[PDB]
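The chain below stands alone, shown as structure tokens; this is the form deposited in one PDB entry.
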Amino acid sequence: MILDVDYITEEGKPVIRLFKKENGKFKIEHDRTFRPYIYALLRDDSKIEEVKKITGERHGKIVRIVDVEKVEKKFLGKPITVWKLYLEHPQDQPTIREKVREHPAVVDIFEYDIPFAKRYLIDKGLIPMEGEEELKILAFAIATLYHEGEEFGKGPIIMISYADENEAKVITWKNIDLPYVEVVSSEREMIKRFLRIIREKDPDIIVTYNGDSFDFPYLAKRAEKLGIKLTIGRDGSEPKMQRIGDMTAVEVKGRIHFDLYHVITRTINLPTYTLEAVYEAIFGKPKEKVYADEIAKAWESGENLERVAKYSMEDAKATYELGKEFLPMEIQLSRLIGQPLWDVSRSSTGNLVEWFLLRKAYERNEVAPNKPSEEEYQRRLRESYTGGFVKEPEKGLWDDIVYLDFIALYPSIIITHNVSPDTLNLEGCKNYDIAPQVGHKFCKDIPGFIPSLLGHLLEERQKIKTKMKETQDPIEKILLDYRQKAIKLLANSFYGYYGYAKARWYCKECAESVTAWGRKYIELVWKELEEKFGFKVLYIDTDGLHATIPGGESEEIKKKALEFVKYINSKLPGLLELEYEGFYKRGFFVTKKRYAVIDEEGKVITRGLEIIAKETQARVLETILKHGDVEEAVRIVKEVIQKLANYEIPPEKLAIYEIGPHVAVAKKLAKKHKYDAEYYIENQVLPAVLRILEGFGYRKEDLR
């Protein structure tokens, strides 16, 4: 399988290198056949003779066009002729662009700024991470001695921990009595040990959490001071710092450095992205945290190093376990987009769509649009985008609530109404659909570029999903599930990509229309559900609705909802489709994006209603949702505020674990005095509880 691809310069010529793994053996395949190029669109094709001899410059040398070739291409569907100007080196493209474009006969040039290594994979039709191979994965993390606001690297590396399928160990240079700790002469030898472990294990993928920014640079500066080369690459090379956007990543030749931090960021949203939080959110079970001050005290003492060696071992053990869960997802992406995992895992979802479309463009013989200019880029970043329909909810405490929503709404709209730049207001178009309120017309004679790709993606997902019912092989079933996750993520990225400033296939009109159509069909369901079925819609947001039959029986509401989805789907066009998603026993709605519901199992879901103060507002939700008693909830608030004045509540519950609030905290460096009360009522209890009770017409006066 193809793991990575770069290129090196030999005697002025570009040489591609395909880093591979085949039959459990590593090999590098060189390729000197490929040639970089750019496209030229001319007024007059006879003027090509003048364009052929246009000269450029680089490092004082003379850069010229080595070959030219006439080719038929498509541009936004419409046929077009272009000249393929070949060059010696990829780095000749900027200078040849500058001067070829200045020619009066040349109208524009295209596909001039695609990196050479990625150009090779697209053109050769090479997809990385294909086939079945036993890839060896290894994770690692490091513990450092921090002291003072000091330079990055002055503190010695206290521990280097690592973990794989078989084991999880710690390498250090102090006497510790643990069975997974390995003691060594000094820091220098600790680093040399780590190099031996990487050498013996010889991993295909090295996994870190935040390795680009912290672990590799800190190891490198340390290794520089100690006079020791980091022979981590499979050709003995050191880790190389490389840039992409506003990020400096770390590269390892022969292997794939997989930094987990970048994959978790664009996927799920959390308050903070610590290694402990991410582990708990994913796996459920908790992970203890040891802090810098605890490490600094225990290290210089010589005792209490068992606690730090535990934390360091678990850092490596957790990173491996997270890596094992997110890597199979990411290899399917890289296999779906068709670029290497090093790049794909550090790419934003908008840029992953770009690399997908550039590959597909080549399969369809179609010329890509250029990146926007700096003036065009800043223009797009200024414009605003109108969101989905949100309704001001019906207030009060409601019973037996059904939630209905659309399946893949925006993708289904893009396919049904053929929404893309190449079909926008097409000249000489026979049959077209008009977007509501915005009036943009999309041609439906031929399926466009993006709508056709997306339609195929959703087809392939259904095949995988159907085959998953059938399969009994657990390895296949889990493989299919990731393939299905990868396609889904990629498919939901297309909407956002249309409004993405940097995108080549940018189309605000397409994005306006997708949102506009979404608002039409949500309101259609709203009208059809309240008139023909007699329901009362409680709240609507973007692609889903909460509703019920006020005072109606629980079992009847479910039945009439399951009937409505069958009905409404007969009216909805193409891929548009509604589904029965869930049922709730009770629920109330304060305002937009602010509500709380409760399922039949008693589990209480919330949104917008967030942070003794956290305990009370949780106790308020329970008495409202479980028992349906708003008056009882008010008594609880009156009881809690009374305990604050009389101090009947115990200590510690009033404490907060974290120039500002830390004025008295800075002094601590080296039964009584329980006076705080007004603070806990005004700043903590009321703001949390009022957020809920405002919907039922209560004020600060009622509580206080």
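Think of the rigid core as the biggest set of C-alphas that the two forms share within 1.5 Å after superposition. Residue numbers run from 1 along the displayed sequence.
The same protein has a further form, the form deposited in another entry, not shown here; the description that follows concerns it.
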property: Rigid-core fit between this form and the one not shown, the member of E29, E648, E57, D44 whose C-alpha shifts 2 angstroms or more; result: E648
property: Rigid-core frame, C-alpha of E631, shift of 2 angstroms or more between this form and the one not shown; result: yes
property: Per-residue C-alpha change between this form and the one not shown, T9, threshold 2 Å, rigid core fit; result: no
property: Threshold 2 Å Cα movement between this form and the one not shown for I681, core superposed; result: yes
property: Outcome for the Cα pair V308, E652 in the other entry, compared with this form (closer or farther; change of 3 Å or more); result: closer
